[PDB]
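Before any questions on binding or motion, here is one chain by itself as structure tokens, the form deposited in one PDB entry.
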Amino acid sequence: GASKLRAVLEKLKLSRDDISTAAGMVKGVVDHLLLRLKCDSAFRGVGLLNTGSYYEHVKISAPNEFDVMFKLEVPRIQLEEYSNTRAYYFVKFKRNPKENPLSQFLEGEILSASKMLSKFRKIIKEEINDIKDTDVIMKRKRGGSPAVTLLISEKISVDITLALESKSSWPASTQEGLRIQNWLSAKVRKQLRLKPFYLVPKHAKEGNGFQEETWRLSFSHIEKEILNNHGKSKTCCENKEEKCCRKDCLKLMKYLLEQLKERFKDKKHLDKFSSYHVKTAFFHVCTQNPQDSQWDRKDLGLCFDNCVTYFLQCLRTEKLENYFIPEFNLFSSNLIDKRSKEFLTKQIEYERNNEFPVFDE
């Protein structure tokens, strides 16, 4: 039962050495690139964004795949929303106080996402050869993705995303997002919405191409902020009396998708699904279940089934709201095709009705 799930979780622990030394390798490379990007006129204000819930600059998103975010302070920034997509925006500036560093990537009033992403790639690619200490190479895509992808010693992959940092009020499309009021308090929502926010150069799907001057709102850095301060009680998991299973349910949810994605590797039906989809549904279940008593460590198997059922429902209805932007459907037909969503529903349906045989040893 939940005995199986506690055992899954015990075995996940055993591979923390591998992820930790992998993440140190990523940390090295990342620091070297940060040194050089700072040499450039355009990126001298660049720095690493603290996003990871265990490792500072390195978020883990797959067994051998890491996510790192470089942030760039871009002051006096004005947002024009692309075609009511809610998540995708054109970036302009307020005036010409004094000509800014980034003016090389302007096109009229608009800052091109692809033009700035392109000089980002060039600087990384030139630095990727020089330090022979470790063999790292670049990988393909560059299509409707903000990520520049390195492969380190042929095993470890790291996605590097440029992120404009805006200190302004969050845009209106997030007005009704981050619905933590009943869980973490209205006071905590007010403070989190005072933190900055980010724009990453992911490009909207237009027709069968991309609109590659659009940026996408990013709130990745809020995750650590809630994962590690996750209870209704400020002292949740700080003493032996308040031990919940919120973190273990998220760990189990990610592992479930990882295993399923590994098993349907033959015909790639599940390519488009990622741990981001699982985190989003998880935090939506923390919203439905706001009391620390709804996540007692003794109830692990039922809290897990709460998470799998909500995820299942999102797949069946083809609707998973962006946690920060409610009108942005992570599961729209535009983003994931209808056959894939159907495919995962059948598999997660099956796993759940059979007490997760994918977890068997």
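All residue numbers are counted from 1 along the displayed sequence. By rigid core we mean the largest C-alpha set that fits within 1.5 Å across both forms.
There is also a form deposited in another entry; it is not shown, and the following applies to it.
If I align on the rigid core, exactly one of 247, 141, 193, 76 should have its C-alpha move by 2 Å or more between this form and the one not shown; which residue is that?
So the residue whose C-alpha moves 2 Å or more is 141.
Taking the rigid core as reference, does residue 327 move its C-alpha 2 Å or further between this form and the one not shown?
No, the C-alpha moves less than 2 Å.
Would you say whether residue 61 is displaced between this form and the one not shown, judging by a C-alpha shift of 2 Å or more on the superposed rigid core?
Shift of 2 Å or more: yes.
With both forms fit on the core, is the shift of the CA atom of residue 169 between this form and the one not shown 2 Å or larger?
Comparing the forms between this form and the one not shown, which are aligned on their rigid core, residue 169 does not shift its C-alpha by 2 Å or more.
Any idea whether residue 61 and residue 43 get closer or farther by CA distance in that other deposited form, knowing it moves 3 angstroms or more?
They are farther apart; the C-alpha distance rises by 3 Å or more in that other deposited form.
Any idea whether residue 147 and residue 218 get closer or farther by CA distance in that other deposited form, knowing it moves 3 angstroms or more?
Here the pair is closer than in that other deposited form; there, farther apart.
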